[PDB]
Each structure stands twice: as structure tokens, then as C-alpha cells.
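As C-alpha cells, the structure follows; a few thoughts come after it.
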Amino acid sequence: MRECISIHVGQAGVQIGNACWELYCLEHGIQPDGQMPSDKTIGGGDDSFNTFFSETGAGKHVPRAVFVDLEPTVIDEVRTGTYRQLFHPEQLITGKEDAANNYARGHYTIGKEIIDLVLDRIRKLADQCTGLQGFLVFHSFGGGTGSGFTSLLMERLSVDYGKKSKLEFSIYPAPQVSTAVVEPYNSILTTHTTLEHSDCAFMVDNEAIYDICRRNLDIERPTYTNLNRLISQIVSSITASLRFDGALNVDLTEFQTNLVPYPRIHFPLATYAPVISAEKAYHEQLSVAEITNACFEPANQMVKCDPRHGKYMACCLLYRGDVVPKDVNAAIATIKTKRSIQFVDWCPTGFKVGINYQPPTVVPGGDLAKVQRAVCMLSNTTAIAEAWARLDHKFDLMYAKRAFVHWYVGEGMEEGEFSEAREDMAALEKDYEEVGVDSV
Amino acid sequence: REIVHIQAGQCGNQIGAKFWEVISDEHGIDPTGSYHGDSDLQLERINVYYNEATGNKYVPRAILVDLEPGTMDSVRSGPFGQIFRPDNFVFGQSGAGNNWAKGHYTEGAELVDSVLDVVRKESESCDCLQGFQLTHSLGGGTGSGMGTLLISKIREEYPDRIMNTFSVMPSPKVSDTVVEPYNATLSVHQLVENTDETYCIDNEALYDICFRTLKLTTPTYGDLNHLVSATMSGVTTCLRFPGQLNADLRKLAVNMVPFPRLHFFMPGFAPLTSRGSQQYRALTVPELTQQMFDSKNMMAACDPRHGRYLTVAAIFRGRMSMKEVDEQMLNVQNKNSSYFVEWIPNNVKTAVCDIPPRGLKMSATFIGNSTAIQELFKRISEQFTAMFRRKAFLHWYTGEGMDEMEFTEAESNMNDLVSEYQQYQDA
Ligand SMILES: Nc1nc2c(ncn2[C@@H]2O[C@H](COP(=O)(O)OP(=O)(O)OP(=O)(O)O)[C@@H](O)[C@H]2O)c(=O)[nH]1
Ligand SMILES: Nc1nc2c(ncn2[C@@H]2O[C@H](COP(=O)(O)OP(=O)(O)O)[C@@H](O)[C@H]2O)c(=O)[nH]1
Ligand SMILES: O=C1NC(=O)[C@@H](c2cn3c4c(cccc24)CCC3)[C@@H]1c1c[nH]c2ccccc12
Ligand SMILES: O=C1NC(=O)[C@@H](c2cn3c4c(cccc24)CCC3)[C@@H]1c1c[nH]c2ccccc12
Ligand SMILES: [Ca+2]
Ligand SMILES: [Mg+2]
Ligand SMILES: [Mg+2]
């Protein structure tokens, strides 16, 4: 058991979902029609991949997932795409009108018309679970749906499923692939509303991913497809412990124990390596020490910030592929005596390590080179608050003039909600400052 | 006098399964549960740990407990997995997530009654139950939380029976989560009140032995458990085999524990060996005696020279001159009489068993009630305080209904225990 239900909200959530589930299928040897020849228990099973896939009597392995968007055209591509057989039609939910880059429309005007339906379809998945562990929610901060509808859904899920764990994969906005000028507004509103309802949230800075695609894969102008294939690899690394077994396999919930010292401090910084092109990876083996050292290069982070100017409250290393503890310990010992790694005084300094022997996988015609070993570092750093600071500043510039606020007020929102949301962010920035101060 | 064995949690079941694997071989019992030995010495007191069935089948009087089926499924598919009574497998599905509160108050409370039914069924079969022995860790959630819950409820239903524990202490050198000092401190609070005898098995010591002495570059839990199973076989020898005194759990407690709360023992073992690597040269008695008393051979990371021995029990195994053992043991006491309290006359006892453990022609196991054990609890207390002063990671516990006051109380009692051990170090 220990099933996990994924929820993909809005364009970003859906399109990232496409990349993730395609990648999952290739890692588990699942065909586009859902058949899995290596799986001998037909119609069911308690294997590790069953945490993410249910099984029909016809031998089809179906994602424990719901795709939701208030506009049909993005999910319509899933309905007619390569993996259309993978999903039951009821898992793919669409409206007729998007939220138009407006949190208010996603949370209230348009979202309220479909929220009951979404919950019913989620319930149908949950009732198929013998031991539901929690939910994984994929969405953007900037979109009207990814922002507005997600926060509504998260609130409703806390009511219907109590304290059942809810994890986030949140797309942090970037100017290079921006879709609206009010994305800072939507970002602050969602973070505020969702904060009490999320147990752990993995932010993905689009500018960080944009930079990595340009720098490491030599993609002159990355597309959403370029970004998503990289993101899915990070997502895969994090969910790998849930989808595979192994002696040195450490469950994500154990890392989570170390990563969240206080309920509001639940935003880990992800760093992934190696991101390298086929041209460069040829006749070039990146060792355990090399990819581990790459985790402390800020250029490889999922979020733009400087941990070297912050303090650590946890450090987790999630390896996959040809990796043994001996080489990990040696690599860590080297790194500790050469890097700017400083912990807060109220937390132990030991790195938590997990290893999944299942080697990394790449999607056909992709840009990422296929390597024998990869690593995803999850660290709790005060430096991630820099991401909040940049967003909150852009929020302040516009809100001081109440620019674009009328689009929200017109949908029933009040200025009090804006100020309430901003104050919560101010307290959150203060929280990250406080946890970094030395004990008395 | 029957003993009921219990093993709780991942650690508890893994060292527990290893314990049964080792002594079964010593008593000539195979995985099938059939005896195939050559000495009558093996079966004379085999009733202490084994039930007998028709056709002369020997079944361990053991109860396997956990809140997740993962580790117990590995046991049942392990070498001696089939020997255990299948009805004694009592497990949940939710797990404890390395959370003492979950094991003690919520998840474990839901399963604890099912366990006690199996304890009761085993006890009613006993001609004269002497007590219980528990294997568990203190750093996790199930073995620590639910384990101490079981102990409390077992005491309620069997208040005149002895409770013994093999408690694995957490260490940053071999750590799973950061909340281990919380779980450990909460557990020690329970063990002080509700056990008569606790063998302190320190993972810090086990790691150091494997790394420094055994020259194992990167020791695994399996490497750590080779030292545990060797120690456990040793300390239970006088319970399992015919000896000069025919020791039981109560007589051990009376002789080892001068004050009720000071019942936390430092185990020691010699020679220290690693898995697979066979030694060809048997140690002389003077070597066994010198090594077993050395800090490097202590299973608890405490310097015995930083304190004084209240009581000491020792067991030499193998064919040797018991006269030579007597001389050497008397020599240690006469050479270092300052590390033995003078207000407990003749506080060192030694026994000898003919049967040696597998792979060794002779060995020596050490059980010491030293005031130096305070170093262990002080270490846990410091790690506890470093987090608790900022209330770090406390939401995992308050989320299960616990209050901050319960942490403060647990902290105070362990610090009291420390000062109590310090009191007799300067007597
Ligand atoms: N990494 C990544 N980001 C995306 C992708 N699609 C959209 N985004 C980001 O999402 C933000 C806008 O939110 P969307 O998801 O596109 O909009 P929505 O959730 O459908 O809500 P609506 O406004 O109602 O359409 C922008 O900042 C985009 O950069 C994607 O496929 N990959
Ligand atoms: N010696 C030893 N210690 C272990 C083992 N497994 C876990 N531990 C220790 O026990 C603590 C974790 O507790 P665990 O038994 O895994 O939690 P539980 O299953 O919920 O009771 C940590 O401090 C570990 O060092 C093992 O196989 N051997
Ligand atoms: O496709 C689009 N939809 C939008 O809302 C437009 C937009 C305007 N601003 C945007 C901002 C952010 C993101 C999208 C847009 C910043 C301020 C003005 C954008 C667009 C770019 N060039 C165009 C030419 C003709 C018609 C539409 C467009
Ligand atoms: O057989 C035994 N029964 C006891 O009560 C033990 C004992 C401890 N002290 C005694 C004293 C006096 C007499 C007997 C004993 C002095 C202080 C401590 C003694 C023993 C010696 N080595 C062992 C190894 C494992 C288990 C038991 C023993
Ligand atoms: Ca199956
Ligand atoms: Mg959209
Ligand atoms: Mg464990």
C-alpha cells in the first residue's frame, strides 16, 4: 500500500505531469497502452511501483493521478496524445474557461464551478487505495488556475482528508517565460492561502531551470518541453524512494522528518546533478565525488539563491544508479573541508543519505545525456527566503499603486486579502531570519 | 523458569532475529525446529527460551512486533524465519515514522492490546515465568515508543515479574533522523521506572569498534549486529546453560542492582571479531581478561576509568583453566581496586561455561554496572537540549497530542539519573 495520488493543476502542472508520467513509464518498463510485461501479478499487487500505478484486470497500469485545468486545450493534448490510453477519461477534467491569469477567478468565480467535481474524482482514486499516504500537487504560482484553484483545492483537501500529507511541486515565476504581469500577485496570494495546508513544498525557479538548459545543455532558447524534461528528472529523483525498493533506499518521509523543523519552514532547496549533453558526456564518466560536489554549485540549484550566504538546517542526498556508501562518505568528507557549509547551532550537521540502485533514465530524443549515476540534494537553507524576498518586492512595487488590483476586486476579492497575504509573507521572511540566529 | 522474549521495531527485530539465529545454533536447533546436537548440556535449560511441541520440536518463546510489516517479512524469509510461531507475528501497517509519540500514544496504542494477548497466551503455558526480555532501539518510533508502552502495560499485568531490555542507543555517527535524541530521552524516562535490568548497547561504541579496532572502513548495520549478537549470546549464557549458580533474571537483578534506578549496564566482549574473518589463534586467559576490561571492548561509549564499578558479572566460555580465570579476575580487582567501590565487598563474580560460541575456541563477556554510564546519558541530554532550547522538530510530536511539558519532565529525570550516578562515583 502507501499509495500516492498526484494532482496536476493548470497548464504548468499538466504539462509537467506529462513529462513526469512519461518518465515513470520508461523507468518501470510500462508501455504507452499501460501494459507492463515484467509485472506477473495481473490486476493488482503490492509492489513499489503500485504506489503510483493502480492495475486493471486487463493488465493496464493506470496512474494514480488527476489532471485539472479550467481550460480544455492543454489537457485535450493529453486526451489525444501518445499516452492517452494510460488515463481513464474521468482522470482528465476540464472546464470551458480559464482563470485569465487571475487568482480570484481560479479560486472563486470559475474554480467554484468545478471544485466539487474534482473532489469527487479524487475521492474515486482514494477509495481504490488500501493505505493512502498523501497527495502530490503540481502547479504554477503565476497562473490563475495554478494559483487560485490550487489553493481552493488544498483547503478542501484538508477538510476531506484531515491531516493526510500534502506535498507540492510549485513553479516559481520567471521573466524569461512569463505569461502575466500580475504573477507576483498570484504568487503571494497562493503561498499565503496554501501555507497552513501544505506539509512540504518543492519550489522550482523557472529562471534557474532556464539557465541550466542554456548553460549545461546548450539550448539557445529553452521551451516548456526543455524545462519540463529537466524538472521531471528532479521529481523522479524525489519520488524514486516511493516507486522503488532497495536496501539503502530511504523513504521520502524520513528525509521529511529532517527537512521540516517547524511547520512553516517546509520549503527544501533542490539541487540536481549531472545535467550534461550527450556530446560532453561521451567518453566522460562523472564520478560520485564529482556529482556530489556539483550539488554545492549554486548554478545547479532549482531555485536561485546563495546558500553560502545562509545557514543549513538539513542536508539530504538522494543518489540513484551505480553508487555505494563508501564513495559517498569519502565525497562528503572532502566537501565538508572545502565548501561554505554552515549549520544553525540547534541542529546536527550530519548529511542524510539515500541510494536507489535503479539507474537514471532519459526520454527518447531528449537533451539530457544518459548517465550511470545521478544525485538530487535536498537542503533546508535560510537562503531560500531570498526567493520570497524577490517576489515580495515585485509585489510591493505594484501594490503601492494598487496596479491591476481592480481585476481582483471585480471578481469579489478585497484589498484586505492582499495585505493579509503580504503580511504573512513578511512574517515568513522573518521566520527564516529567526531560525538562523544563534541560540541564547 | 521460562523467559518470554519480545522484539519491537526494525532494530529490535533485526538484532532479535540475529539473537535467535545465534543461540539456536549453540543449542543445536535447526531452522526446522529440530534438535541435531551431540551434548546433553544443550537441552538441559533449553526450556528457558524454547517451548517444546510434539515430535520434540523446539519453538522460540518469542513475540515479534512492529507497526509496519517490512522488517518482519524479512525475518520470516530469513535463515531461521520459519522457526517462529506464526501467530506470534503481530504487526500494523501505518508505521511510526521514527516518532515516539506515534509508537507510544497513537499508532502503537491501536496495536498494543493484540500484542498483550500473545504475551498472555505464552505466559499461561509457562510452568513458572521468571520474566521478560525486550530487544529494541530508543532512537526510532516503534521500538522506542511502543516498546516502552508495552513494558508499562506488561508491568501492570505482571508486576511481580522481571523486565529486562537490550536497548540500542542512538548516535550521530550512525543516525537515521535528527529526532533520535528526543525519542531516546523519552524512552530512558520509561526504562528508569519500568525495568530491572537494561543492557545499554550504544551504536556510537559499536561504530567505533568496527571502524577503529575491526578496521572496517564503512560499517553497516549488519556489522554492528555482529557485535550485538555476540554480546547477547554472552550475557544470556548463564541463563541458557547449566552453571555453578544456575542464574536467573531475578537473582541477577538482586546481585547487580544496589539501587533500583541504577540498573543500566555496560556490556563488554572479547575477542572483538568481524564477520567472515576467522581467527586461528585462541586468546590466553590473561588476554581475554585484559581485553574485556578495556574501553575499546565496551559496547557503551563510556570510559570506565571516568567512574567506578558498582558491580561486575563476567562469563568465560570455552575449555580453559578455571583456576587461571580466578587468578586473572582477582588480579584485575587487586591491581585496579580504585575503580571498584569499596562499600560493596566482593562485587565481582565470574562464571565459566564449557561450550564456546561458534567460530571461537574461547571468549569472555562482560557485564558492568559502572557510574561511568552517566557519560552516555549526558551525551543524549546535550543533543536533546541543543534542539529543545529552540523547540526544533517538536511539531512532529505535538501533532500527536503531546505537550512540551512532557519533554521537560523526561529531560529532568534523565538529568536526575545522571546526578544519581555521579553521587556514588564520589562515595
Ligand atoms: N516549467 C514550466 N512552467 C510552465 C509551464 N507552463 C506554464 N508554466 C509557467 O506557469 C506560469 C503561468 O501559469 P499557467 O500554468 O500557464 O496558467 P494556468 O495554471 O493554466 O492558469 P490560467 O491563467 O487560468 O491559464 C508562467 O509563469 C509559466 O512560466 C511548463 O510547461 N513548464
Ligand atoms: N544496531 C542497530 N541499530 C539500528 C538498526 N536499525 C535501526 N537502528 C537504530 O535504531 C534507530 C532507529 O530506530 P528503528 O528501529 O529503525 O525505528 P522503529 O522500527 O520504528 O522502532 C536509529 O538510531 C538506528 O541507529 C540495526 O539493524 N542495528
Ligand atoms: O499573448 C499575450 N497575451 C497577453 O496578455 C499579452 C501580454 C501583454 N503584456 C504581458 C505581460 C506579461 C505577459 C503577457 C503579456 C507584460 C505587460 C503587457 C501577450 C502579448 C505579447 N505580445 C502581444 C501582442 C499582441 C497581443 C498580445 C500580446
Ligand atoms: O551466575 C550468576 N548469578 C548472578 O547472580 C551473577 C552475579 C552477579 N554478581 C554476583 C555477585 C555475587 C554472586 C553472584 C553474582 C557479585 C556482584 C555481581 C552470576 C554471574 C556471573 N557472571 C554472569 C554472566 C551473566 C549472567 C550472570 C552471571
Ligand atoms: Ca501487479
Ligand atoms: Mg491555463
Ligand atoms: Mg528505521
Side-chain angles (χ1 to χ4, degrees), chain A residues 9-15 68-75 94-95 97-102 105-106 110 139-140 142-149 179-180 247 249-251 253-254 257, chain B residues 7-18 65-72 74 91-92 94-100 102-104 107-108 134-148 166-184 187 201-207 209-210 219-229 231-232 299 380 383:
Chain A
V9 182
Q11 176 180 309
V14 163
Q15 293 189 151
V68 187
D69 195 9
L70 301 181
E71 160 235 17
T73 70
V74 181
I75 290 180
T94 54
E97 196 176 12
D98 56 30
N101 308 327
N102 195 335
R105 289 173 66 88
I110 308 302
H139 69 101
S140 68
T145 299
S147 66
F149 188 77
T179 58
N249 184 38
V250 179
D251 216 79
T253 57
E254 270 194 27
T257 304
Chain B
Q7 45 188 71
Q10 181 173 33
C11 178
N13 275 277
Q14 276 167 353
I15 69 173
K18 206 73 193 350
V65 181
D66 204 338
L67 283 169
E68 63 187 2
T71 310
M72 283 175 57
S74 290
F91 54 90
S94 58
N98 293 306
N99 196 323
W100 192 86
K102 286 190 177 178
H104 200 82
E107 303 297 338
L134 170 73
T135 57
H136 66 152
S137 64
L138 304 194
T142 302
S144 187
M146 192 189 179
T148 50
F166 296 85
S167 309
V168 178
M169 310 291 177
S171 172
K173 299 189 179 188
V174 199
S175 181
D176 286 16
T177 64
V178 296
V179 292
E180 285 168 353
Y182 283 158
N183 302 328
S187 287
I201 303 175
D202 191 10
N203 271 7
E204 179 134 333
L206 299 180
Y207 179 90
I209 291 169
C210 287
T220 59
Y221 278 132
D223 289 327
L224 264 51
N225 288 338
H226 175 62
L227 299 175
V228 172
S229 65
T231 302
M232 287 187 67
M299 303 299 159
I380 302 297
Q383 299 166 6

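Whatever order the structure lists them in is the order used to number ligands and atoms, beginning at 1. Numbered from 1 within each chain, the chains take letters A, B, ... in sequence-line order.
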Q | the Mg ion (ligand 7): protein N, O or S atoms [distance under 2.8 Å] | A | B:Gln10 OE1
Q. What's the spacing between B:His226 NE2 and B:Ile15 CD1 if we round to 0.5 Å?
A. 15.0 Å
Q) Quick check: does any side chain N or O of B:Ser144 sit under 3.5 Å from a backbone N or O of B:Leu138, one acting as donor and the other as acceptor? A) yes
Q) Any side-chain heavy atom of B:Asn203 sitting closer than 4.5 Å to one from B:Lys173? A) no
Ligand 2: which protein N/O atoms lie under 3.5 Å from its N/O atoms?
from: ligand 2; atom 1: 1 (N); to: B:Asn203; atom 2: OD1; distance (Å): 3.3
from: ligand 2; atom 1: 1 (N); to: B:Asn225; atom 2: OD1; distance (Å): 3.3
from: ligand 2; atom 1: 3 (N); to: B:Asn203; atom 2: ND2; distance (Å): 3.4
from: ligand 2; atom 1: 10 (O); to: B:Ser137; atom 2: OG; distance (Å): 3.1
from: ligand 2; atom 1: 13 (O); to: B:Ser137; atom 2: OG; distance (Å): 2.9
from: ligand 2; atom 1: 13 (O); to: B:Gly140; atom 2: N; distance (Å): 3.3
from: ligand 2; atom 1: 15 (O); to: B:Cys11; atom 2: N; distance (Å): 2.9
from: ligand 2; atom 1: 15 (O); to: B:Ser137; atom 2: OG; distance (Å): 3.0
from: ligand 2; atom 1: 16 (O); to: B:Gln10; atom 2: OE1; distance (Å): 3.2
from: ligand 2; atom 1: 19 (O); to: B:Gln10; atom 2: N; distance (Å): 2.6
from: ligand 2; atom 1: 20 (O); to: B:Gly141; atom 2: N; distance (Å): 3.3
from: ligand 2; atom 1: 20 (O); to: B:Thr142; atom 2: N; distance (Å): 2.8
from: ligand 2; atom 1: 20 (O); to: B:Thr142; atom 2: OG1; distance (Å): 3.2
from: ligand 2; atom 1: 21 (O); to: B:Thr142; atom 2: N; distance (Å): 3.4
from: ligand 2; atom 1: 21 (O); to: B:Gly143; atom 2: N; distance (Å): 2.7
from: ligand 2; atom 1: 23 (O); to: B:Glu180; atom 2: OE2; distance (Å): 3.0
from: ligand 2; atom 1: 25 (O); to: B:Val174; atom 2: O; distance (Å): 3.1
from: ligand 2; atom 1: 25 (O); to: B:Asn203; atom 2: ND2; distance (Å): 2.9
from: ligand 2; atom 1: 25 (O); to: B:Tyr221; atom 2: OH; distance (Å): 3.3
from: ligand 2; atom 1: 27 (O); to: B:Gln14; atom 2: OE1; distance (Å): 2.7
from: ligand 2; atom 1: 27 (O); to: B:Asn225; atom 2: ND2; distance (Å): 3.3
from: ligand 2; atom 1: 28 (N); to: B:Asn225; atom 2: OD1; distance (Å): 3.1

Q. Of all residues at least two apart in sequence or in a different chain, which pass the side chain to side chain contact (heavy atoms under 4.5 Å, CB included) check with A:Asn249?
A. A:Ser241, A:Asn356
Q | Approximate separation, where rounding is to 0.5 Å, of B:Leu206 CG and B:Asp223 CG | A | 10.5 Å
Q. Hey, are the side chains of B:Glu204 and B:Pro172 touching, using non-hydrogen atoms and a 4.5 Å cut-off?
A. yes
Q: Measure the OG1-CG distance between B:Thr135 and B:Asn13 for me, rounded to the nearest 0.5 Å.
A: 6.5 Å
Q | Listed partners of A:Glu71 passing salt bridge (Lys or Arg N to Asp or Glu O under 4.0 Å), at least two apart | A | none
Q) Quick one: are B:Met232 and B:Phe166 in side-chain contact, heavy atoms under 4.5 Å? A) yes
